[PDB]
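A.B. asks: sharing an experimental structure here, sequence included.
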Amino acid sequence: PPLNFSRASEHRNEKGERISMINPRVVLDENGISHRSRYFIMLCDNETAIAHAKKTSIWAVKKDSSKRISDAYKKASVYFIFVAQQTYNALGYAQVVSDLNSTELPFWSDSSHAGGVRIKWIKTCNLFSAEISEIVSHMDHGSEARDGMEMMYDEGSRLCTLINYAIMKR
């Protein structure tokens, strides 16, 4: 059954703090973000990039989102969720396990990237899920996700769950 995101900001605890629709024990800020686990989308339009990232566990972070990702990495556990740009196929998800390093940039990066990070793959795949595609398509206030943007806690948690389920559905 798909997760319904309607009325998300009305999920509140006794103190008036926003809480997750998936696990009410998780307290969120008014952007729907958790202080403890944070999620960013990577929209991949380059088959070479994802192939090398799945081989070497190195990713290139874009300049337009590097500052927010680096700040989050110092304060929280940070996860990247990888989605193919042209199909919204899920490609996997990983935890970021090093901060941005301009000297670790992979060969497939370009001048739009600020530095490379090491990641630890949790799941890898290449599968289409309708609900995944819907979450990505509405991630930016009903318009499509921007590459590198931070998503809400419930979007990140649900996407990981959907990837796990899609992999077992094989």
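C.D. replies: It's in. Numbering: from 1, shown residues only.

A.B. asks: just checking: what are the partner strands of the helix or strand hosting residue 40?
C.D. replies: Element membership of residue 40 [criterion: DSSP states H and E] is strand 37-44. According to DSSP bridges, strand 37-44 forms sheet pairs with strand 77-84 (parallel), strand 150-151 (antiparallel).

A.B. asks: what about whichever helix or strand comes after that strand, distance to the chain center?
C.D. replies: Downstream of strand 37-44, the first helix or strand assigned by DSSP H and E is helix 47-56. The chain centre lies 17 Å from the centre of helix 47-56; the measure is CA atoms, centre = their mean, to the nearest Å.

A.B. asks: list of residues touching helix 47-56?
C.D. replies: Under the contact criterion CB atoms under 8 Å, 6 or more residues apart in numbering, helix 47-56 has outside partners 44, 58-60, 82, 84, 91-92, 106-108, 119, 121, 124. Using the backbone N, CA and C atoms, a C-beta is placed for each residue, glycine as well.

A.B. asks: please list only the buried members of these.
C.D. replies: The neighbour count (16 or more other CB atoms under 10 Å) marks 44, 58, 59, 60, 82, 84, 91, 92, 119, 124 as buried among the contacts of helix 47-56.

A.B. asks: redo these as a markdown table? Include distance to residue 25.
C.D. replies: Shown next, in a markdown table, are those (distance: CB to CB, whole Å):
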| residue | distance to residue 25 |
| --- | --- |
| 44 | 33 |
| 58 | 34 |
| 59 | 30 |
| 60 | 35 |
| 82 | 28 |
| 84 | 33 |
| 91 | 30 |
| 92 | 27 |
| 119 | 27 |
| 124 | 29 |
